[PDB]
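Student: Have a look at this one before I ask anything.
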Amino acid sequence: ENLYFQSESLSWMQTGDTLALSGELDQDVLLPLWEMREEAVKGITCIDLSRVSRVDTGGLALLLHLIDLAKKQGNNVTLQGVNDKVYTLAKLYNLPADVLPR
Amino acid sequence: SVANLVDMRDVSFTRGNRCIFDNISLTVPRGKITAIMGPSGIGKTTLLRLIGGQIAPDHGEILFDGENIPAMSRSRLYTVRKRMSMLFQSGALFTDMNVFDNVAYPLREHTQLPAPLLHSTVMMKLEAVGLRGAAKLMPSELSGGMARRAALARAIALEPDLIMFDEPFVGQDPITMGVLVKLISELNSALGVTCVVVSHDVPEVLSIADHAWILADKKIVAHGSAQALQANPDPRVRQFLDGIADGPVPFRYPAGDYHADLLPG
């Protein structure tokens with residue numbers, strides 16, 4: 001159901017079908033979200049990054065793992081509110097279509 | 001906040017009996033790309049080592065995010081270095097580790113992050129450089145270009161606030177050269193990393209730089225955009241950029257004050 005986690009630099013919230021992130025998706029601060037990845041992606045069809053200020057490469061890897069675990073459950077996931085720098089980072093690493101929704 | 005991540009003021013440097021830099025001053029604006037160019041053997045590598053606090057200047061101040069590096073205590077310098085990454089050409093990979101483990105070493109040493117995520121990160125960074133299929137290979141099994149590219153991939157592993165590249169494009173075919181130029185550009189764009197690039201591959205580095213500085217005769221001879229340099233009549237600047245002496249100015253018609261063109265009156 002509705003899940004809520006907040007920390008100083010990273011917060012996330014699962015309302016129904018949408019997982020929304022807030023703050024910094026950085027290698028030092030992302031660890032809690034990694035630890036609860038399976039709960040965070042349960043019955044979600046959408047990941048909202050509208051309130052995320054920064055995504056480094058480690059955060060992007062976490063994002064790819066979340067998309068993968070979400071679809072394994074049988075759920076194609078949409079991305080929403082993605083800052084253009086995230087797609088620039090995806091472009092840097094030549095990420096395929098099946099790994100990250102464009 | 002501070003506008004220039006690196007601010008060199010009146011820096012002089014002498015090695016033995018020969019002078020290397022005479023009262024130079026330059027800035028590295030935060031989040032931008034600064035190119036540093038000049039003839040061979042003038043000590044550009046030495047300049048990067050000066051910024052990194054590895055060498056101390058004879059006189060002058062080197063401000064990193066506002067702090068004078070030569071005046072810093074050793075512990076303060078050690079902690080400030082954590083915001084820096086430097087790619088030297090002399091530096092070599094660990095011979096006992098393969099390409100993958102070489103690029104993963106900085107992450108395993110300072111990232112403290114899960115192994116699956118670390119794995120994905122190292123694979124992405126190998127892809128950015130074109131070495132993903134060479135992860136298992138050892139450094140001895142690598143060609144010059146491949147080894148240089150692997151060193152580069154290790155240098156960008158931790159993505160600090162400041163990355164200094166010493167000739168990142170050498171020993172590469174032109175298509176790989178363009179791939180690497182794209183790498184520095186997109187790194188800077190997506191992560192906001194402040195990049196200093198030393199290169200004699202002048203068109204390539206000027207295609208991405210925000211600011212450029214030319215060094216000659218122990219001083220700074222020019223700076224500005226690519227358009228400004230193409231219209232610079234100075235014989236030393238022209239000799240370096242065109243490679244020939246007493247050639248024509250490529251942008252033959254210099255431009256007036258830009259602020260006046262944009263905002264007349």
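All residue names refer to the structure tokens as shown: chains lettered A, B, ... in order, residues numbered from 1 in each chain, ligands numbered from 1 in order.
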Please identify every residue of chain B that has at least one atom no farther than 10 Å from an atom of chain A, counting only C-alpha atoms, and for each give the shortest atom pair and the distance in Å to one decimal, arranged by chain then increasing number, as JSON lines.
Tutor:
```
{"residue": "B:110", "atom": "CA", "partner": "A:28", "partner_atom": "CA", "distance": 10.0}
{"residue": "B:111", "atom": "CA", "partner": "A:27", "partner_atom": "CA", "distance": 6.9}
{"residue": "B:112", "atom": "CA", "partner": "A:28", "partner_atom": "CA", "distance": 7.6}
{"residue": "B:113", "atom": "CA", "partner": "A:27", "partner_atom": "CA", "distance": 6.7}
{"residue": "B:114", "atom": "CA", "partner": "A:31", "partner_atom": "CA", "distance": 7.9}
{"residue": "B:116", "atom": "CA", "partner": "A:61", "partner_atom": "CA", "distance": 8.8}
{"residue": "B:117", "atom": "CA", "partner": "A:61", "partner_atom": "CA", "distance": 5.7}
{"residue": "B:118", "atom": "CA", "partner": "A:58", "partner_atom": "CA", "distance": 7.2}
{"residue": "B:119", "atom": "CA", "partner": "A:61", "partner_atom": "CA", "distance": 8.9}
{"residue": "B:120", "atom": "CA", "partner": "A:61", "partner_atom": "CA", "distance": 6.0}
{"residue": "B:121", "atom": "CA", "partner": "A:58", "partner_atom": "CA", "distance": 6.0}
{"residue": "B:122", "atom": "CA", "partner": "A:57", "partner_atom": "CA", "distance": 9.5}
{"residue": "B:123", "atom": "CA", "partner": "A:93", "partner_atom": "CA", "distance": 8.9}
{"residue": "B:124", "atom": "CA", "partner": "A:93", "partner_atom": "CA", "distance": 5.4}
{"residue": "B:125", "atom": "CA", "partner": "A:93", "partner_atom": "CA", "distance": 6.8}
{"residue": "B:126", "atom": "CA", "partner": "A:93", "partner_atom": "CA", "distance": 8.5}
{"residue": "B:127", "atom": "CA", "partner": "A:93", "partner_atom": "CA", "distance": 5.8}
{"residue": "B:128", "atom": "CA", "partner": "A:93", "partner_atom": "CA", "distance": 5.0}
{"residue": "B:129", "atom": "CA", "partner": "A:93", "partner_atom": "CA", "distance": 8.8}
{"residue": "B:130", "atom": "CA", "partner": "A:93", "partner_atom": "CA", "distance": 9.8}
{"residue": "B:157", "atom": "CA", "partner": "A:57", "partner_atom": "CA", "distance": 9.1}
{"residue": "B:158", "atom": "CA", "partner": "A:57", "partner_atom": "CA", "distance": 9.2}
{"residue": "B:159", "atom": "CA", "partner": "A:56", "partner_atom": "CA", "distance": 8.2}
{"residue": "B:179", "atom": "CA", "partner": "A:92", "partner_atom": "CA", "distance": 9.7}
{"residue": "B:182", "atom": "CA", "partner": "A:92", "partner_atom": "CA", "distance": 8.0}
{"residue": "B:183", "atom": "CA", "partner": "A:92", "partner_atom": "CA", "distance": 6.5}
{"residue": "B:184", "atom": "CA", "partner": "A:92", "partner_atom": "CA", "distance": 9.4}
{"residue": "B:185", "atom": "CA", "partner": "A:92", "partner_atom": "CA", "distance": 9.2}
{"residue": "B:186", "atom": "CA", "partner": "A:92", "partner_atom": "CA", "distance": 6.1}
{"residue": "B:187", "atom": "CA", "partner": "A:89", "partner_atom": "CA", "distance": 7.2}
{"residue": "B:188", "atom": "CA", "partner": "A:89", "partner_atom": "CA", "distance": 9.8}
{"residue": "B:189", "atom": "CA", "partner": "A:85", "partner_atom": "CA", "distance": 6.9}
{"residue": "B:190", "atom": "CA", "partner": "A:85", "partner_atom": "CA", "distance": 4.4}
{"residue": "B:191", "atom": "CA", "partner": "A:56", "partner_atom": "CA", "distance": 6.6}
{"residue": "B:192", "atom": "CA", "partner": "A:85", "partner_atom": "CA", "distance": 9.3}
```
Student: Residues as selected, C-alpha atoms, written as a compact mmCIF listing (two decimals), in the first residue's frame, can you do that?
Tutor:
```txt
# COMPACT_ATOMS: atom_id res chain seq x y z
CA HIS B 110 35.82 4.75 -1.56
CA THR B 111 32.26 4.15 -2.79
CA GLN B 112 31.07 1.66 -0.14
CA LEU B 113 28.07 0.64 -2.22
CA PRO B 114 26.42 -2.68 -3.10
CA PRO B 116 25.47 -5.50 -7.93
CA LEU B 117 25.26 -1.72 -8.35
CA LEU B 118 29.06 -1.46 -8.43
CA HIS B 119 29.13 -4.12 -11.15
CA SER B 120 26.57 -2.25 -13.26
CA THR B 121 28.49 1.01 -12.73
CA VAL B 122 31.81 -0.46 -13.88
CA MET B 123 30.11 -2.00 -16.92
CA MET B 124 28.57 1.36 -17.86
CA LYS B 125 31.90 3.15 -17.45
CA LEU B 126 33.62 0.54 -19.63
CA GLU B 127 30.91 1.13 -22.25
CA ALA B 128 31.55 4.90 -22.17
CA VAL B 129 35.13 4.11 -23.27
CA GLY B 130 34.56 1.15 -25.61
CA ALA B 157 35.10 6.22 -11.85
CA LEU B 158 34.44 8.31 -8.74
CA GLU B 159 33.08 11.39 -10.56
CA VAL B 179 34.01 9.30 -28.71
CA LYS B 182 31.84 13.25 -26.32
CA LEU B 183 32.63 11.49 -23.04
CA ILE B 184 34.12 14.58 -21.42
CA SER B 185 31.27 16.76 -22.76
CA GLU B 186 28.45 14.52 -21.53
CA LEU B 187 30.14 13.84 -18.19
CA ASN B 188 30.36 17.59 -17.59
CA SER B 189 26.77 18.11 -18.75
CA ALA B 190 25.02 15.34 -16.82
CA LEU B 191 26.99 15.47 -13.56
CA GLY B 192 28.19 19.08 -13.42
```
Student: Write out as a PDB file with N, CA, C and O atoms, in the first residue's frame all residues of chain A that backbone DSSP assigns to strand (DSSP E).
Tutor:
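What follows is the written file selection_29.pdb:
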```
ATOM      1  N   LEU A   3       3.487   3.581   1.019  1.00  0.00           N
ATOM      2  CA  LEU A   3       4.719   3.498   1.781  1.00  0.00           C
ATOM      3  C   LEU A   3       5.411   4.848   1.753  1.00  0.00           C
ATOM      4  O   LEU A   3       5.374   5.556   0.742  1.00  0.00           O
ATOM      5  N   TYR A   4       6.064   5.198   2.859  1.00  0.00           N
ATOM      6  CA  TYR A   4       6.722   6.494   2.984  1.00  0.00           C
ATOM      7  C   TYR A   4       8.045   6.315   3.715  1.00  0.00           C
ATOM      8  O   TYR A   4       8.067   5.782   4.829  1.00  0.00           O
ATOM      9  N   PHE A   5       9.142   6.763   3.101  1.00  0.00           N
ATOM     10  CA  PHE A   5      10.444   6.762   3.745  1.00  0.00           C
ATOM     11  C   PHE A   5      11.066   8.128   3.540  1.00  0.00           C
ATOM     12  O   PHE A   5      11.061   8.647   2.419  1.00  0.00           O
ATOM     13  N   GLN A   6      11.597   8.718   4.603  1.00  0.00           N
ATOM     14  CA  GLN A   6      12.274   9.997   4.466  1.00  0.00           C
ATOM     15  C   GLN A   6      13.596   9.980   5.218  1.00  0.00           C
ATOM     16  O   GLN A   6      13.709   9.405   6.305  1.00  0.00           O
ATOM     17  N   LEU A  10      17.420  11.871   0.837  1.00  0.00           N
ATOM     18  CA  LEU A  10      16.623  11.044  -0.059  1.00  0.00           C
ATOM     19  C   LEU A  10      15.344  10.605   0.634  1.00  0.00           C
ATOM     20  O   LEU A  10      15.373  10.144   1.779  1.00  0.00           O
ATOM     21  N   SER A  11      14.226  10.758  -0.067  1.00  0.00           N
ATOM     22  CA  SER A  11      12.932  10.299   0.398  1.00  0.00           C
ATOM     23  C   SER A  11      12.228   9.629  -0.770  1.00  0.00           C
ATOM     24  O   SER A  11      12.471   9.964  -1.930  1.00  0.00           O
ATOM     25  N   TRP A  12      11.365   8.667  -0.455  1.00  0.00           N
ATOM     26  CA  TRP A  12      10.573   8.018  -1.488  1.00  0.00           C
ATOM     27  C   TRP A  12       9.200   7.659  -0.940  1.00  0.00           C
ATOM     28  O   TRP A  12       8.993   7.546   0.274  1.00  0.00           O
ATOM     29  N   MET A  13       8.255   7.493  -1.863  1.00  0.00           N
ATOM     30  CA  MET A  13       6.864   7.293  -1.504  1.00  0.00           C
ATOM     31  C   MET A  13       6.190   6.446  -2.569  1.00  0.00           C
ATOM     32  O   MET A  13       6.271   6.759  -3.761  1.00  0.00           O
ATOM     33  N   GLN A  14       5.524   5.386  -2.135  1.00  0.00           N
ATOM     34  CA  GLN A  14       4.745   4.520  -3.011  1.00  0.00           C
ATOM     35  C   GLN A  14       3.274   4.787  -2.741  1.00  0.00           C
ATOM     36  O   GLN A  14       2.746   4.392  -1.693  1.00  0.00           O
ATOM     37  N   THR A  15       2.621   5.463  -3.675  1.00  0.00           N
ATOM     38  CA  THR A  15       1.183   5.666  -3.611  1.00  0.00           C
ATOM     39  C   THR A  15       0.574   4.827  -4.723  1.00  0.00           C
ATOM     40  O   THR A  15       0.784   5.112  -5.911  1.00  0.00           O
ATOM     41  N   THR A  18       2.366   4.171  -8.210  1.00  0.00           N
ATOM     42  CA  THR A  18       3.485   5.047  -8.539  1.00  0.00           C
ATOM     43  C   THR A  18       4.479   5.125  -7.387  1.00  0.00           C
ATOM     44  O   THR A  18       4.095   5.362  -6.233  1.00  0.00           O
ATOM     45  N   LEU A  19       5.757   4.934  -7.721  1.00  0.00           N
ATOM     46  CA  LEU A  19       6.882   5.179  -6.829  1.00  0.00           C
ATOM     47  C   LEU A  19       7.513   6.519  -7.190  1.00  0.00           C
ATOM     48  O   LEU A  19       8.061   6.676  -8.286  1.00  0.00           O
ATOM     49  N   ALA A  20       7.446   7.472  -6.271  1.00  0.00           N
ATOM     50  CA  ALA A  20       7.961   8.812  -6.486  1.00  0.00           C
ATOM     51  C   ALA A  20       9.167   9.033  -5.584  1.00  0.00           C
ATOM     52  O   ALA A  20       9.123   8.713  -4.389  1.00  0.00           O
ATOM     53  N   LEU A  21      10.234   9.581  -6.155  1.00  0.00           N
ATOM     54  CA  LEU A  21      11.467   9.849  -5.434  1.00  0.00           C
ATOM     55  C   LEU A  21      11.662  11.349  -5.255  1.00  0.00           C
ATOM     56  O   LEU A  21      11.178  12.159  -6.051  1.00  0.00           O
ATOM     57  N   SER A  22      12.388  11.707  -4.197  1.00  0.00           N
ATOM     58  CA  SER A  22      12.634  13.084  -3.804  1.00  0.00           C
ATOM     59  C   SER A  22      14.052  13.168  -3.260  1.00  0.00           C
ATOM     60  O   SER A  22      14.472  12.313  -2.475  1.00  0.00           O
ATOM     61  N   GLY A  23      14.791  14.189  -3.682  1.00  0.00           N
ATOM     62  CA  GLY A  23      16.129  14.393  -3.165  1.00  0.00           C
ATOM     63  C   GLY A  23      17.237  14.013  -4.128  1.00  0.00           C
ATOM     64  O   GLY A  23      17.114  14.214  -5.339  1.00  0.00           O
ATOM     65  N   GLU A  24      18.321  13.451  -3.596  1.00  0.00           N
ATOM     66  CA  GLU A  24      19.511  13.113  -4.368  1.00  0.00           C
ATOM     67  C   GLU A  24      19.645  11.604  -4.520  1.00  0.00           C
ATOM     68  O   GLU A  24      19.631  10.873  -3.524  1.00  0.00           O
ATOM     69  N   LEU A  25      19.774  11.138  -5.761  1.00  0.00           N
ATOM     70  CA  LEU A  25      20.005   9.717  -6.013  1.00  0.00           C
ATOM     71  C   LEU A  25      21.501   9.495  -6.243  1.00  0.00           C
ATOM     72  O   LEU A  25      21.972   9.240  -7.354  1.00  0.00           O
ATOM     73  N   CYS A  46       4.911   2.833 -12.563  1.00  0.00           N
ATOM     74  CA  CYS A  46       5.486   4.138 -12.852  1.00  0.00           C
ATOM     75  C   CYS A  46       6.496   4.529 -11.782  1.00  0.00           C
ATOM     76  O   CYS A  46       6.285   4.274 -10.594  1.00  0.00           O
ATOM     77  N   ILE A  47       7.593   5.142 -12.221  1.00  0.00           N
ATOM     78  CA  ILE A  47       8.589   5.737 -11.339  1.00  0.00           C
ATOM     79  C   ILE A  47       8.642   7.229 -11.638  1.00  0.00           C
ATOM     80  O   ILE A  47       8.879   7.625 -12.785  1.00  0.00           O
ATOM     81  N   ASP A  48       8.414   8.050 -10.616  1.00  0.00           N
ATOM     82  CA  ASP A  48       8.392   9.502 -10.753  1.00  0.00           C
ATOM     83  C   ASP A  48       9.667  10.079 -10.148  1.00  0.00           C
ATOM     84  O   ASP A  48       9.923   9.913  -8.950  1.00  0.00           O
ATOM     85  N   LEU A  49      10.457  10.761 -10.979  1.00  0.00           N
ATOM     86  CA  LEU A  49      11.699  11.399 -10.566  1.00  0.00           C
ATOM     87  C   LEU A  49      11.591  12.922 -10.561  1.00  0.00           C
ATOM     88  O   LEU A  49      12.615  13.611 -10.510  1.00  0.00           O
ATOM     89  N   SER A  50      10.365  13.455 -10.616  1.00  0.00           N
ATOM     90  CA  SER A  50      10.153  14.896 -10.759  1.00  0.00           C
ATOM     91  C   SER A  50      10.834  15.709  -9.664  1.00  0.00           C
ATOM     92  O   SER A  50      11.269  16.840  -9.909  1.00  0.00           O
ATOM     93  N   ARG A  51      10.939  15.156  -8.458  1.00  0.00           N
ATOM     94  CA  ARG A  51      11.499  15.868  -7.318  1.00  0.00           C
ATOM     95  C   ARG A  51      12.939  15.465  -7.020  1.00  0.00           C
ATOM     96  O   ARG A  51      13.446  15.767  -5.935  1.00  0.00           O
ATOM     97  N   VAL A  52      13.610  14.807  -7.961  1.00  0.00           N
ATOM     98  CA  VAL A  52      14.995  14.371  -7.784  1.00  0.00           C
ATOM     99  C   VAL A  52      15.910  15.421  -8.404  1.00  0.00           C
ATOM    100  O   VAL A  52      15.781  15.749  -9.589  1.00  0.00           O
ATOM    101  N   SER A  53      16.841  15.943  -7.607  1.00  0.00           N
ATOM    102  CA  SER A  53      17.722  17.010  -8.069  1.00  0.00           C
ATOM    103  C   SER A  53      18.977  16.500  -8.767  1.00  0.00           C
ATOM    104  O   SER A  53      19.516  17.196  -9.635  1.00  0.00           O
ATOM    105  N   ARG A  54      19.459  15.312  -8.414  1.00  0.00           N
ATOM    106  CA  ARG A  54      20.718  14.827  -8.960  1.00  0.00           C
ATOM    107  C   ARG A  54      20.688  13.309  -9.038  1.00  0.00           C
ATOM    108  O   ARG A  54      20.158  12.647  -8.143  1.00  0.00           O
ATOM    109  N   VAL A  55      21.261  12.770 -10.113  1.00  0.00           N
ATOM    110  CA  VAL A  55      21.404  11.329 -10.296  1.00  0.00           C
ATOM    111  C   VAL A  55      22.818  11.085 -10.806  1.00  0.00           C
ATOM    112  O   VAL A  55      23.154  11.486 -11.927  1.00  0.00           O
ATOM    113  N   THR A  78       6.691   2.916 -16.530  1.00  0.00           N
ATOM    114  CA  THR A  78       6.866   4.212 -17.159  1.00  0.00           C
ATOM    115  C   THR A  78       7.735   5.107 -16.283  1.00  0.00           C
ATOM    116  O   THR A  78       7.779   4.953 -15.059  1.00  0.00           O
ATOM    117  N   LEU A  79       8.438   6.039 -16.919  1.00  0.00           N
ATOM    118  CA  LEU A  79       9.215   7.045 -16.212  1.00  0.00           C
ATOM    119  C   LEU A  79       8.574   8.414 -16.397  1.00  0.00           C
ATOM    120  O   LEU A  79       8.052   8.727 -17.474  1.00  0.00           O
ATOM    121  N   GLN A  80       8.617   9.225 -15.341  1.00  0.00           N
ATOM    122  CA  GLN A  80       7.941  10.513 -15.312  1.00  0.00           C
ATOM    123  C   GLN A  80       8.797  11.528 -14.571  1.00  0.00           C
ATOM    124  O   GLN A  80       9.462  11.188 -13.586  1.00  0.00           O
TER     125      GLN A  80
END
```
Student: Could you pull the residues within 10 Å of residue B:100, counting only C-alpha atoms, minus those fewer than 3 positions along the same chain, as a PyMOL selection string?
Tutor: chain B and resi 97+103-105+119+122-123+125-126+131-138+150+153-154
Student: May I ask for the distance between atom CA of residue A:96 and atom CA of residue B:99, given in Å to one decimal place?
Tutor: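 We find that atom CA of residue A:96 and atom CA of residue B:99 lie 22.8 Å from each other.
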Student: Could you please determine the separation between atom CA of residue B:20 and atom CA of residue B:218 in Å, to one decimal place?
Tutor: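 Spanning atom CA of residue B:20 to atom CA of residue B:218 is a straight-line distance of 5.6 Å.
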Student: Report, in Å to a single decimal, how far apart atom CA of residue B:219 and atom CA of residue B:31 are.
Tutor: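 Going from atom CA of residue B:31 over to atom CA of residue B:219, I get 25.1 Å.
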Student: I'd like to know which residues of chain A are helix (DSSP H, G or I) (by DSSP, run on the backbone); could you write them as an MDAnalysis selection string?
Tutor: chainID A and resid 31:35 37:40 57:72 84:92
